[PDB]
Amino acid sequence: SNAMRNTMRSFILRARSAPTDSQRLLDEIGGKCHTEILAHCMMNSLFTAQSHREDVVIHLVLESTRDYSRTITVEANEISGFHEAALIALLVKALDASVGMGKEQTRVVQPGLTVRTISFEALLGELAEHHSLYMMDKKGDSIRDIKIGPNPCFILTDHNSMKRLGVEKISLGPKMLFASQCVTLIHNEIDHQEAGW
Amino acid sequence: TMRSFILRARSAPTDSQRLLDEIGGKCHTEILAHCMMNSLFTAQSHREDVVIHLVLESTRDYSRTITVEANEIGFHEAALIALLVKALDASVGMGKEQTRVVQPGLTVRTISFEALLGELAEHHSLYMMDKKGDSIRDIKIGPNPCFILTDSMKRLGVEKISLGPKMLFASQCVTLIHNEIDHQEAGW
């Protein structure tokens with residue numbers, strides 16, 4: 001193996017129960033669709049105590065729709081608080097800007113915030129090229145026992161087409177965890193591997 | 001075994017209203033809820049045998065300690081924050097060194113941070129976040145551990161640990177602490 005330099009970390013939250021409708025989104029906070037998890041995932045994936053993390057991208061694929069899913073891409077680099085309402089707000093903003101889009105389309109919302117009518121599977125297609133793709137599997141190999149690829153990208157669900165795309169299964173531990181908790185764990189293991197300890 | 005956490009929420013108001021006003025405020029009240037959610041809940045269900053003590057310090061008089069016990073007690077910010085508001089409201093009028101039961105597995109106390117440490121030091125293995133501390137991965141977590149989390153110590157016998165190279169939110173530290181005990185106990 002090579003001595004890696006620090007690379008982009010990406011995450012994909014497949015929120016299949018999540019409304020693409022701006023208002024039905026704020027409605028599901030604490031509701032059966034559990035819309036808080038998106039905000040926590042955003043928090044954990046982009047923020048530490050001191051700073052925001054450099055070079056992180058989260059893709060939120062909001063699926064529950066009358067037409068196309070909205071893929072909301074947040075980039076820690078250009079996104080100039082971390083509580084549930086403020087991050088959920090970033091979403092509503094991007095959702096409002098997506099209304100009336102047709103298929104296979106892209107709309108800049110603000111610096112480092114984009115919305116796209118791209119399928120989950122199509123999006124994987126694009127990331128599959130130059131990213132190391134990973135998914136969660138209680139029966140996958142412990143993450144502490146693999147060498148995490150460069151430009152890694154982690155599929156988290158709010159819950160073989162995959163094997164074709166080179167998607168490798170990993171596990172973070174014995175227990176079932178919130179997607180938001182998976183984020184912190186992933187980040188931490190790459191922080192270790194990068195630091196060498 | 002038992003797992004415990006203490007969160008010294010210095011500058012977290014003991015008043016109910018001022019707490020709600022701090023959701024995303026100068027003092028970030030949201031992190032109390034997140035600490036609770038991560039210490040008490042997994043995706044499958046609540047955790048067994050977990051206790052969290054929240055020490056709220058921004059007080060007129062005495063600070064309030066809210067102990068939540070996983071065995072006894074929505075997971076979103078407003079639900080767990082509501083638990084706290086109920087607890088602080090149970091605390092109005094309390095004297096120094098008092099205890100008041102809010103509901104099964106919810107308790108409010110007018111005991112100090114160090115006063116609580118002193119008690120816990122009797123039986124718990126005390127631990128502290130320190131970027132210079134041993135890596136949690138290299139030590140064997142002691143029996144009945146308690147993890148101090150910020151927003152004399154050496155005398156009480158608390159020993160320093162680091163979860164990694166970076167500076168995390170208290171709530172992120174809870175996740176990584178649980179996950180390490182989870183590993184050591186399943187023999188991973």
# chains A, B, ... in the order shown; residues from 1 in each chain; ligands from 1
>>> select_by_dssp(residues="chain B", states="strand (DSSP E or B)", output="number ranges by chain")
B: 3-13, 41, 46, 50-58, 64-69, 99-103, 106-109, 125-135, 145-149, 159-162
>>> residues_around(residues="segment 105-117 of chain B", least_positions_apart="5", cutoff="8 Å", atoms="only C-alpha atoms", output="ChimeraX atom specification")
/B:8,55,62-73,87-88,90-91,94-100,156
>>> residues_around(residues="residue 152 of chain A", least_positions_apart="2", cutoff="12 Å", atoms="only C-alpha atoms", output="JSON, numbers by chain")
{"A": [6, 7, 8, 9, 10, 11, 12, 55, 56, 57, 58, 127, 128, 129, 130, 131, 132, 133, 134, 135, 147, 148, 149, 150, 154, 155, 166, 167, 168, 186, 187, 189, 190]}
>>> write_last_selection(atoms="N, CA and C atoms", output="tab-separated table (two decimals), in the first residue's frame")
chain	number	residue	atom	x	y	z
A	6	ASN	N	-4.24	13.12	2.80
A	6	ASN	CA	-5.63	13.29	3.22
A	6	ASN	C	-6.54	13.54	2.03
A	7	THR	N	-7.64	12.79	1.97
A	7	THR	CA	-8.57	12.91	0.87
A	7	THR	C	-10.01	13.22	1.29
A	8	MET	N	-10.79	13.69	0.32
A	8	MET	CA	-12.21	13.97	0.46
A	8	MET	C	-12.94	12.79	1.10
A	9	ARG	N	-13.79	13.08	2.07
A	9	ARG	CA	-14.70	12.10	2.63
A	9	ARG	C	-16.13	12.46	2.22
A	10	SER	N	-16.88	11.48	1.73
A	10	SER	CA	-18.25	11.71	1.35
A	10	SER	C	-19.17	10.76	2.06
A	11	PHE	N	-20.43	11.18	2.20
A	11	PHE	CA	-21.50	10.37	2.77
A	11	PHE	C	-22.75	10.49	1.89
A	12	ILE	N	-23.55	9.42	1.82
A	12	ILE	CA	-24.82	9.44	1.14
A	12	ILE	C	-25.88	8.93	2.09
A	55	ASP	N	-13.14	19.44	3.52
A	55	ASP	CA	-13.19	18.41	2.51
A	55	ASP	C	-14.11	17.30	2.92
A	56	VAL	N	-15.38	17.63	3.06
A	56	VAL	CA	-16.40	16.65	3.32
A	56	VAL	C	-17.57	17.05	2.45
A	57	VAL	N	-18.26	16.06	1.90
A	57	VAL	CA	-19.44	16.28	1.09
A	57	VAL	C	-20.47	15.30	1.60
A	58	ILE	N	-21.67	15.78	1.93
A	58	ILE	CA	-22.80	14.89	2.18
A	58	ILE	C	-23.86	15.03	1.06
A	127	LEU	N	-20.31	8.41	-8.55
A	127	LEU	CA	-19.34	8.34	-7.47
A	127	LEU	C	-18.48	7.09	-7.62
A	128	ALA	N	-19.01	6.06	-8.28
A	128	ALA	CA	-18.32	4.78	-8.38
A	128	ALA	C	-16.98	4.87	-9.12
A	129	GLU	N	-16.82	5.92	-9.91
A	129	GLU	CA	-15.70	6.08	-10.83
A	129	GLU	C	-14.40	6.36	-10.09
A	130	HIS	N	-14.41	7.39	-9.26
A	130	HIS	CA	-13.21	7.79	-8.57
A	130	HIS	C	-13.35	7.79	-7.05
A	131	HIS	N	-14.40	7.15	-6.53
A	131	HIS	CA	-14.54	7.01	-5.08
A	131	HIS	C	-14.51	5.54	-4.65
A	132	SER	N	-14.00	5.28	-3.44
A	132	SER	CA	-14.14	3.97	-2.82
A	132	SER	C	-15.48	3.89	-2.05
A	133	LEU	N	-16.41	3.10	-2.57
A	133	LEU	CA	-17.77	3.01	-2.05
A	133	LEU	C	-17.92	1.98	-0.93
A	134	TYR	N	-18.63	2.35	0.14
A	134	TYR	CA	-18.85	1.45	1.27
A	134	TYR	C	-20.29	1.48	1.72
A	135	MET	N	-20.79	0.35	2.19
A	135	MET	CA	-22.11	0.31	2.75
A	135	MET	C	-22.07	-0.38	4.10
A	147	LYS	N	-8.17	-1.39	5.23
A	147	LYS	CA	-7.49	-0.14	4.88
A	147	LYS	C	-8.53	0.61	4.09
A	148	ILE	N	-9.01	1.72	4.66
A	148	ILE	CA	-10.07	2.50	4.02
A	148	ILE	C	-9.49	3.14	2.78
A	149	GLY	N	-10.16	2.91	1.66
A	149	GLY	CA	-9.76	3.51	0.38
A	149	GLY	C	-9.60	5.03	0.38
A	150	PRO	N	-8.94	5.57	-0.66
A	150	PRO	CA	-8.93	7.02	-0.81
A	150	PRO	C	-10.26	7.52	-1.40
A	154	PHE	N	-19.55	6.77	1.95
A	154	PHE	CA	-20.29	5.84	2.80
A	154	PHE	C	-21.80	5.96	2.62
A	155	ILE	N	-22.41	4.84	2.26
A	155	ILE	CA	-23.84	4.75	2.07
A	155	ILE	C	-24.43	4.43	3.42
A	166	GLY	N	-18.74	-1.97	-7.25
A	166	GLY	CA	-17.59	-2.07	-6.35
A	166	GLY	C	-17.89	-1.70	-4.91
A	167	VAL	N	-19.15	-1.83	-4.48
A	167	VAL	CA	-19.54	-1.47	-3.12
A	167	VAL	C	-19.13	-2.56	-2.13
A	168	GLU	N	-18.27	-2.21	-1.19
A	168	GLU	CA	-17.82	-3.16	-0.20
A	168	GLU	C	-18.60	-2.98	1.10
A	186	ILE	N	-17.40	6.45	11.47
A	186	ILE	CA	-16.68	6.53	10.21
A	186	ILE	C	-15.61	7.64	10.33
A	187	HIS	N	-16.05	8.86	10.63
A	187	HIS	CA	-15.11	9.97	10.70
A	187	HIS	C	-13.93	9.65	11.61
A	189	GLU	N	-12.61	6.72	12.65
A	189	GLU	CA	-11.72	5.72	12.13
A	189	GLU	C	-10.82	6.27	11.03
A	190	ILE	N	-11.29	7.23	10.25
A	190	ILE	CA	-10.46	7.79	9.19
A	190	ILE	C	-9.52	8.76	9.86
>>> interface_residues(of="chain A", to="chain B", cutoff="10 Å", atoms="only C-alpha atoms", output="PyMOL selection string")
chain A and resi 29-32+34-37+40+44+47-51+81-86+142+144+158-159+172-185+187-189+191-192+194-197
>>> atom_distance(atom1="atom CA of residue 7 of chain B", atom2="atom CA of residue 76 of chain A")
28.3 Å
>>> residues_around(residues="residue 112 of chain A", least_positions_apart="4", cutoff="12 Å", atoms="only C-alpha atoms", output="list in words")
residues 55, 56, 57, 58, 59, 72, 73, 74, 75, 76, 77, 78, 79, 80, 90, 94, 107 and 108 of chain A
>>> residues_around(residues="segment 15-21 of chain A", least_positions_apart="3", cutoff="9 Å", atoms="only C-alpha atoms", output="mmCIF file with C-alpha atoms, in the first residue's frame")
data_model
loop_
_atom_site.group_PDB
_atom_site.id
_atom_site.type_symbol
_atom_site.label_atom_id
_atom_site.label_comp_id
_atom_site.auth_asym_id
_atom_site.auth_seq_id
_atom_site.Cartn_x
_atom_site.Cartn_y
_atom_site.Cartn_z
ATOM 1 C CA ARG A 24 -44.210 17.625 4.893
ATOM 2 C CA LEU A 25 -40.512 17.614 5.844
ATOM 3 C CA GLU A 28 -41.983 14.670 10.119
ATOM 4 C CA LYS A 32 -42.988 8.288 11.788
ATOM 5 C CA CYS A 33 -40.575 9.361 8.983
ATOM 6 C CA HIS A 34 -38.185 10.703 11.660
ATOM 7 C CA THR A 35 -36.861 13.708 9.805
ATOM 8 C CA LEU A 38 -31.061 14.214 8.365
ATOM 9 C CA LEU A 60 -28.970 13.571 0.906
ATOM 10 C CA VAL A 61 -31.271 11.608 -1.313
ATOM 11 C CA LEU A 62 -34.838 12.488 -0.384
ATOM 12 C CA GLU A 63 -36.941 9.808 -1.968
ATOM 13 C CA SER A 64 -40.607 10.026 -0.889
ATOM 14 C CA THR A 65 -42.076 11.822 -3.926
ATOM 15 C CA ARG A 66 -44.738 12.294 -6.600
ATOM 16 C CA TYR A 68 -38.195 12.521 -8.877
ATOM 17 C CA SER A 69 -36.126 12.278 -5.745
ATOM 18 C CA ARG A 70 -34.109 15.316 -4.761
ATOM 19 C CA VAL A 92 -36.153 23.433 3.101
ATOM 20 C CA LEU A 95 -36.195 21.887 -1.509
ATOM 21 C CA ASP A 96 -38.061 25.174 -2.277
ATOM 22 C CA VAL A 99 -39.861 22.822 -7.226
ATOM 23 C CA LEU A 156 -26.096 5.088 5.081
ATOM 24 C CA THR A 157 -29.770 4.227 4.976
ATOM 25 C CA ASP A 158 -32.446 5.781 7.241
ATOM 26 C CA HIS A 159 -33.400 2.077 7.727
#
>>> select_by_dssp(residues="segment 16-162 of chain A", states="helix (DSSP H, G or I)", output="PDB file with N, CA, C and O atoms, in the first residue's frame")
ATOM      1  N   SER A  22     -41.284  20.355   0.936  1.00  0.00           N
ATOM      2  CA  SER A  22     -40.727  21.208   1.985  1.00  0.00           C
ATOM      3  C   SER A  22     -41.478  21.200   3.339  1.00  0.00           C
ATOM      4  O   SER A  22     -40.848  21.089   4.397  1.00  0.00           O
ATOM      5  N   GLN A  23     -42.811  21.310   3.306  1.00  0.00           N
ATOM      6  CA  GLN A  23     -43.634  21.388   4.535  1.00  0.00           C
ATOM      7  C   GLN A  23     -43.831  20.030   5.207  1.00  0.00           C
ATOM      8  O   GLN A  23     -43.738  19.925   6.436  1.00  0.00           O
ATOM      9  N   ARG A  24     -44.107  19.004   4.401  1.00  0.00           N
ATOM     10  CA  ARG A  24     -44.210  17.625   4.893  1.00  0.00           C
ATOM     11  C   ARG A  24     -42.885  17.145   5.499  1.00  0.00           C
ATOM     12  O   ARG A  24     -42.844  16.125   6.202  1.00  0.00           O
ATOM     13  N   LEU A  25     -41.806  17.885   5.226  1.00  0.00           N
ATOM     14  CA  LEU A  25     -40.512  17.614   5.844  1.00  0.00           C
ATOM     15  C   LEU A  25     -40.469  18.109   7.293  1.00  0.00           C
ATOM     16  O   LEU A  25     -40.177  17.335   8.206  1.00  0.00           O
ATOM     17  N   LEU A  26     -40.766  19.389   7.503  1.00  0.00           N
ATOM     18  CA  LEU A  26     -40.798  19.953   8.849  1.00  0.00           C
ATOM     19  C   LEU A  26     -41.858  19.253   9.716  1.00  0.00           C
ATOM     20  O   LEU A  26     -41.742  19.222  10.940  1.00  0.00           O
ATOM     21  N   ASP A  27     -42.880  18.689   9.073  1.00  0.00           N
ATOM     22  CA  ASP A  27     -43.936  17.943   9.765  1.00  0.00           C
ATOM     23  C   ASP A  27     -43.452  16.624  10.372  1.00  0.00           C
ATOM     24  O   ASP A  27     -43.944  16.201  11.426  1.00  0.00           O
ATOM     25  N   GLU A  36     -35.554  14.235  11.812  1.00  0.00           N
ATOM     26  CA  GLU A  36     -34.428  14.763  12.611  1.00  0.00           C
ATOM     27  C   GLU A  36     -33.086  14.137  12.208  1.00  0.00           C
ATOM     28  O   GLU A  36     -32.047  14.799  12.239  1.00  0.00           O
ATOM     29  N   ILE A  37     -33.116  12.852  11.865  1.00  0.00           N
ATOM     30  CA  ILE A  37     -31.907  12.125  11.501  1.00  0.00           C
ATOM     31  C   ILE A  37     -31.093  12.805  10.387  1.00  0.00           C
ATOM     32  O   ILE A  37     -29.848  12.747  10.437  1.00  0.00           O
ATOM     33  N   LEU A  38     -31.770  13.459   9.422  1.00  0.00           N
ATOM     34  CA  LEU A  38     -31.061  14.214   8.365  1.00  0.00           C
ATOM     35  C   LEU A  38     -30.219  15.323   8.966  1.00  0.00           C
ATOM     36  O   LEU A  38     -29.056  15.496   8.610  1.00  0.00           O
ATOM     37  N   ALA A  39     -30.803  16.057   9.897  1.00  0.00           N
ATOM     38  CA  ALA A  39     -30.097  17.165  10.506  1.00  0.00           C
ATOM     39  C   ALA A  39     -28.916  16.671  11.355  1.00  0.00           C
ATOM     40  O   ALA A  39     -27.816  17.230  11.293  1.00  0.00           O
ATOM     41  N   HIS A  40     -29.139  15.626  12.141  1.00  0.00           N
ATOM     42  CA  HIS A  40     -28.053  15.081  12.953  1.00  0.00           C
ATOM     43  C   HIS A  40     -26.909  14.579  12.035  1.00  0.00           C
ATOM     44  O   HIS A  40     -25.730  14.817  12.314  1.00  0.00           O
ATOM     45  N   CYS A  41     -27.266  13.926  10.931  1.00  0.00           N
ATOM     46  CA  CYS A  41     -26.275  13.433   9.992  1.00  0.00           C
ATOM     47  C   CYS A  41     -25.456  14.558   9.419  1.00  0.00           C
ATOM     48  O   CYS A  41     -24.264  14.394   9.198  1.00  0.00           O
ATOM     49  N   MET A  42     -26.091  15.697   9.186  1.00  0.00           N
ATOM     50  CA  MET A  42     -25.397  16.854   8.643  1.00  0.00           C
ATOM     51  C   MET A  42     -24.436  17.423   9.671  1.00  0.00           C
ATOM     52  O   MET A  42     -23.349  17.856   9.336  1.00  0.00           O
ATOM     53  N   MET A  43     -24.872  17.411  10.924  1.00  0.00           N
ATOM     54  CA  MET A  43     -24.116  17.958  12.032  1.00  0.00           C
ATOM     55  C   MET A  43     -22.869  17.139  12.183  1.00  0.00           C
ATOM     56  O   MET A  43     -21.768  17.664  12.104  1.00  0.00           O
ATOM     57  N   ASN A  44     -23.065  15.840  12.368  1.00  0.00           N
ATOM     58  CA  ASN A  44     -21.979  14.922  12.621  1.00  0.00           C
ATOM     59  C   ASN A  44     -21.009  14.817  11.461  1.00  0.00           C
ATOM     60  O   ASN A  44     -19.808  14.616  11.669  1.00  0.00           O
ATOM     61  N   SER A  45     -21.515  14.961  10.243  1.00  0.00           N
ATOM     62  CA  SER A  45     -20.629  14.833   9.099  1.00  0.00           C
ATOM     63  C   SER A  45     -19.789  16.059   8.754  1.00  0.00           C
ATOM     64  O   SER A  45     -18.765  15.919   8.071  1.00  0.00           O
ATOM     65  N   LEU A  46     -20.158  17.236   9.251  1.00  0.00           N
ATOM     66  CA  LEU A  46     -19.451  18.457   8.853  1.00  0.00           C
ATOM     67  C   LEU A  46     -18.844  19.238   9.988  1.00  0.00           C
ATOM     68  O   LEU A  46     -18.015  20.099   9.742  1.00  0.00           O
ATOM     69  N   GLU A  84     -31.011  21.283  15.205  1.00  0.00           N
ATOM     70  CA  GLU A  84     -31.973  20.662  14.303  1.00  0.00           C
ATOM     71  C   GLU A  84     -32.710  21.618  13.369  1.00  0.00           C
ATOM     72  O   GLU A  84     -32.908  21.295  12.199  1.00  0.00           O
ATOM     73  N   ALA A  85     -33.124  22.781  13.877  1.00  0.00           N
ATOM     74  CA  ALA A  85     -33.914  23.722  13.075  1.00  0.00           C
ATOM     75  C   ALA A  85     -33.098  24.446  11.999  1.00  0.00           C
ATOM     76  O   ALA A  85     -33.592  24.632  10.886  1.00  0.00           O
ATOM     77  N   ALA A  86     -31.857  24.829  12.328  1.00  0.00           N
ATOM     78  CA  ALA A  86     -30.975  25.568  11.401  1.00  0.00           C
ATOM     79  C   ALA A  86     -30.479  24.758  10.189  1.00  0.00           C
ATOM     80  O   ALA A  86     -30.332  25.308   9.080  1.00  0.00           O
ATOM     81  N   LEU A  87     -30.207  23.466  10.408  1.00  0.00           N
ATOM     82  CA  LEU A  87     -29.761  22.568   9.328  1.00  0.00           C
ATOM     83  C   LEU A  87     -30.923  22.047   8.492  1.00  0.00           C
ATOM     84  O   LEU A  87     -30.823  22.008   7.260  1.00  0.00           O
ATOM     85  N   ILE A  88     -32.001  21.628   9.169  1.00  0.00           N
ATOM     86  CA  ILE A  88     -33.292  21.344   8.522  1.00  0.00           C
ATOM     87  C   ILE A  88     -33.733  22.528   7.626  1.00  0.00           C
ATOM     88  O   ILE A  88     -34.322  22.316   6.574  1.00  0.00           O
ATOM     89  N   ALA A  89     -33.396  23.754   8.035  1.00  0.00           N
ATOM     90  CA  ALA A  89     -33.694  24.977   7.258  1.00  0.00           C
ATOM     91  C   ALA A  89     -32.926  25.034   5.956  1.00  0.00           C
ATOM     92  O   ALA A  89     -33.473  25.419   4.924  1.00  0.00           O
ATOM     93  N   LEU A  90     -31.660  24.641   6.007  1.00  0.00           N
ATOM     94  CA  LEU A  90     -30.802  24.575   4.820  1.00  0.00           C
ATOM     95  C   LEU A  90     -31.445  23.655   3.802  1.00  0.00           C
ATOM     96  O   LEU A  90     -31.378  23.890   2.593  1.00  0.00           O
ATOM     97  N   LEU A  91     -32.088  22.608   4.311  1.00  0.00           N
ATOM     98  CA  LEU A  91     -32.779  21.661   3.456  1.00  0.00           C
ATOM     99  C   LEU A  91     -34.003  22.302   2.802  1.00  0.00           C
ATOM    100  O   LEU A  91     -34.068  22.377   1.561  1.00  0.00           O
ATOM    101  N   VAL A  92     -34.929  22.815   3.626  1.00  0.00           N
ATOM    102  CA  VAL A  92     -36.153  23.433   3.101  1.00  0.00           C
ATOM    103  C   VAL A  92     -35.800  24.426   1.999  1.00  0.00           C
ATOM    104  O   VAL A  92     -36.416  24.403   0.931  1.00  0.00           O
ATOM    105  N   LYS A  93     -34.768  25.237   2.239  1.00  0.00           N
ATOM    106  CA  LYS A  93     -34.313  26.208   1.255  1.00  0.00           C
ATOM    107  C   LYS A  93     -34.046  25.542  -0.078  1.00  0.00           C
ATOM    108  O   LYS A  93     -34.545  26.002  -1.111  1.00  0.00           O
ATOM    109  N   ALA A  94     -33.298  24.436  -0.046  1.00  0.00           N
ATOM    110  CA  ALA A  94     -32.900  23.739  -1.275  1.00  0.00           C
ATOM    111  C   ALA A  94     -34.072  23.006  -1.916  1.00  0.00           C
ATOM    112  O   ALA A  94     -34.158  22.874  -3.140  1.00  0.00           O
ATOM    113  N   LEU A  95     -34.968  22.529  -1.066  1.00  0.00           N
ATOM    114  CA  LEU A  95     -36.195  21.887  -1.509  1.00  0.00           C
ATOM    115  C   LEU A  95     -37.124  22.887  -2.230  1.00  0.00           C
ATOM    116  O   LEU A  95     -37.667  22.571  -3.295  1.00  0.00           O
ATOM    117  N   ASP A  96     -37.266  24.098  -1.664  1.00  0.00           N
ATOM    118  CA  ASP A  96     -38.061  25.174  -2.277  1.00  0.00           C
ATOM    119  C   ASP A  96     -37.485  25.545  -3.636  1.00  0.00           C
ATOM    120  O   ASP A  96     -38.225  25.890  -4.552  1.00  0.00           O
ATOM    121  N   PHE A 120     -30.779   7.808  -6.828  1.00  0.00           N
ATOM    122  CA  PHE A 120     -29.768   7.200  -5.960  1.00  0.00           C
ATOM    123  C   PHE A 120     -28.767   6.341  -6.748  1.00  0.00           C
ATOM    124  O   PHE A 120     -27.543   6.518  -6.656  1.00  0.00           O
ATOM    125  N   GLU A 121     -29.308   5.427  -7.541  1.00  0.00           N
ATOM    126  CA  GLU A 121     -28.505   4.508  -8.343  1.00  0.00           C
ATOM    127  C   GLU A 121     -27.679   5.218  -9.398  1.00  0.00           C
ATOM    128  O   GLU A 121     -26.566   4.799  -9.699  1.00  0.00           O
ATOM    129  N   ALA A 122     -28.216   6.295  -9.952  1.00  0.00           N
ATOM    130  CA  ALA A 122     -27.478   7.056 -10.950  1.00  0.00           C
ATOM    131  C   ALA A 122     -26.351   7.792 -10.261  1.00  0.00           C
ATOM    132  O   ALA A 122     -25.234   7.833 -10.766  1.00  0.00           O
ATOM    133  N   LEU A 123     -26.642   8.348  -9.089  1.00  0.00           N
ATOM    134  CA  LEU A 123     -25.634   9.065  -8.304  1.00  0.00           C
ATOM    135  C   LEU A 123     -24.472   8.150  -7.921  1.00  0.00           C
ATOM    136  O   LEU A 123     -23.308   8.533  -8.064  1.00  0.00           O
ATOM    137  N   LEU A 124     -24.785   6.942  -7.455  1.00  0.00           N
ATOM    138  CA  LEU A 124     -23.749   5.927  -7.207  1.00  0.00           C
ATOM    139  C   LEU A 124     -22.888   5.693  -8.424  1.00  0.00           C
ATOM    140  O   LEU A 124     -21.661   5.670  -8.325  1.00  0.00           O
ATOM    141  N   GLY A 125     -23.542   5.562  -9.579  1.00  0.00           N
ATOM    142  CA  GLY A 125     -22.867   5.447 -10.855  1.00  0.00           C
ATOM    143  C   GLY A 125     -21.763   6.465 -11.025  1.00  0.00           C
ATOM    144  O   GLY A 125     -20.701   6.146 -11.539  1.00  0.00           O
ATOM    145  N   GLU A 126     -21.997   7.695 -10.589  1.00  0.00           N
ATOM    146  CA  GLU A 126     -21.040   8.774 -10.824  1.00  0.00           C
ATOM    147  C   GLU A 126     -19.947   8.732  -9.790  1.00  0.00           C
ATOM    148  O   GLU A 126     -18.790   9.013 -10.101  1.00  0.00           O
ATOM    149  N   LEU A 127     -20.314   8.414  -8.549  1.00  0.00           N
ATOM    150  CA  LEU A 127     -19.340   8.338  -7.470  1.00  0.00           C
ATOM    151  C   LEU A 127     -18.483   7.092  -7.615  1.00  0.00           C
ATOM    152  O   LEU A 127     -17.348   7.071  -7.152  1.00  0.00           O
ATOM    153  N   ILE A 143     -14.503  -2.089  10.460  1.00  0.00           N
ATOM    154  CA  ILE A 143     -13.857  -0.983   9.747  1.00  0.00           C
ATOM    155  C   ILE A 143     -12.435  -0.783  10.241  1.00  0.00           C
ATOM    156  O   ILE A 143     -11.591  -0.243   9.533  1.00  0.00           O
ATOM    157  N   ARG A 144     -12.175  -1.232  11.464  1.00  0.00           N
ATOM    158  CA  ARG A 144     -10.846  -1.164  12.054  1.00  0.00           C
ATOM    159  C   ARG A 144      -9.894  -2.185  11.425  1.00  0.00           C
ATOM    160  O   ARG A 144      -8.687  -2.048  11.556  1.00  0.00           O
ATOM    161  N   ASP A 145     -10.452  -3.186  10.738  1.00  0.00           N
ATOM    162  CA  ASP A 145      -9.681  -4.263  10.085  1.00  0.00           C
ATOM    163  C   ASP A 145      -9.471  -4.102   8.578  1.00  0.00           C
ATOM    164  O   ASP A 145      -8.962  -5.042   7.917  1.00  0.00           O
ATOM    165  N   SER A 161     -26.474  -5.070  -8.326  1.00  0.00           N
ATOM    166  CA  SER A 161     -26.294  -3.640  -8.644  1.00  0.00           C
ATOM    167  C   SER A 161     -25.223  -2.953  -7.778  1.00  0.00           C
ATOM    168  O   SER A 161     -24.450  -2.134  -8.282  1.00  0.00           O
ATOM    169  N   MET A 162     -25.169  -3.298  -6.490  1.00  0.00           N
ATOM    170  CA  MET A 162     -24.141  -2.777  -5.596  1.00  0.00           C
ATOM    171  C   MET A 162     -22.764  -3.379  -5.845  1.00  0.00           C
ATOM    172  O   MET A 162     -21.759  -2.663  -5.842  1.00  0.00           O
TER     173      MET A 162
END
>>> atom_distance(atom1="atom CA of residue 59 of chain B", atom2="atom CA of residue 13 of chain B")
6.1 Å
>>> atom_distance(atom1="atom CA of residue 147 of chain B", atom2="atom CA of residue 126 of chain B")
6.2 Å
